[PDB]
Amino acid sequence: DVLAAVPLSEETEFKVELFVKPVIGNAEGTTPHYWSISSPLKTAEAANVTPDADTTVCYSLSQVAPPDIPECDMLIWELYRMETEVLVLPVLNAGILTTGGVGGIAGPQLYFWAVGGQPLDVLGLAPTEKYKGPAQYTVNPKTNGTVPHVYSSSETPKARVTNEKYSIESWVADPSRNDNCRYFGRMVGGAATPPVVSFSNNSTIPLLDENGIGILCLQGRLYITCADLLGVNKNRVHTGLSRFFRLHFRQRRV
């Protein structure tokens, strides 16, 4: 039950800047690789069903907990405004390939970010009838099998991104669940097309819904979840170097 927002004063508002690292899976271990660049992609036979954990990208996950607050009404932190910019280099010389000429980053892309008062809700799906995912580090939809390539009430697994072990290659954001959350995604096909990426210093995102309510930190935490798959360069998967976030909080009665 959402009541009036506390009029914002120096005592009622909170700001944080932070960077979020991209996540590549781990071929022999359980800690995430904070890499912008993956290990070489395996060949069809392997990649099509069981790609090495370090040839896939996972949702990065970051958690923010603003200062503690000092009845029948309760005061809660509300995210109402944010800036987010991705760190990115041009690959030119690092793009020169042994054949000769300039390959670059190109191919399939996935840009996504999410802010919420809880973990991001996702759905487990398969691209094809035989894709399993890494047999190693990642939480697959089915740990040694395949889930359908279509929505199933009974068989489509419903998970929450609580760790950095969720491959963007088999987990989609759930459009039927993500309350108290704003999320945003674009994906691209794969006839070797270039990523186009803009970045500025002068660009805000408002977060208020139809009723002027932002994201409510009901449990004291805010959940950031994101991924910026840029494509492939020299048979290696590239992501954004890292993503910046400036979060603007105020207090709200509940």
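Residue indices: 1-based, along the sequence shown.
> Check the entry and tell me how many residues of the deposited sequence have no coordinates between residue 70 and residue 71: none, 1 to 3, 4 to 9, or 10 or more.
The entry has 4 to 9 unmodelled residues between residue 70 and residue 71.
> Look up the CA B-factors in the entry and say which stretch, 243-251 or 2-10, has the higher mean.
Higher mean C-alpha B-factor in the PDB entry: 2-10.
> Comparing 91-99 with 104-112, which stretch shows the greater average C-alpha B-factor in the deposited entry?
Result of the comparison: 91-99.
> Among the candidates 227, 197, 205, 65, give the one with the maximum CA B-factor reported in the record.
So the option with the highest C-alpha B-factor is 65.
> For residue 31, does the deposited CA B-factor place it in the lowest, middle or highest third of the chain?
Its C-alpha B-factor belongs to the highest third of this chain's values.
> Test of reading the entry: by CA B factor among the chain's modelled residues, which third contains residue 140?
Top third by C-alpha B-factor.
> Within this chain's modelled residues, let me know which third the CA B factor of residue 53 belongs to: lowest, middle or highest.
CA B-factor rank for residue 53: highest third.
> Using the B-factor values recorded in the entry, state whether the Cα atom of residue 159 falls in the lowest, middle or highest third among the modelled residues of its chain.
CA B-factor rank for residue 159: middle third.
> Is residue 222 in the lowest, middle or highest third of its chain when residues are ranked by C-alpha B-factor?
It belongs to the middle third of the chain when residues are ordered by C-alpha B-factor.
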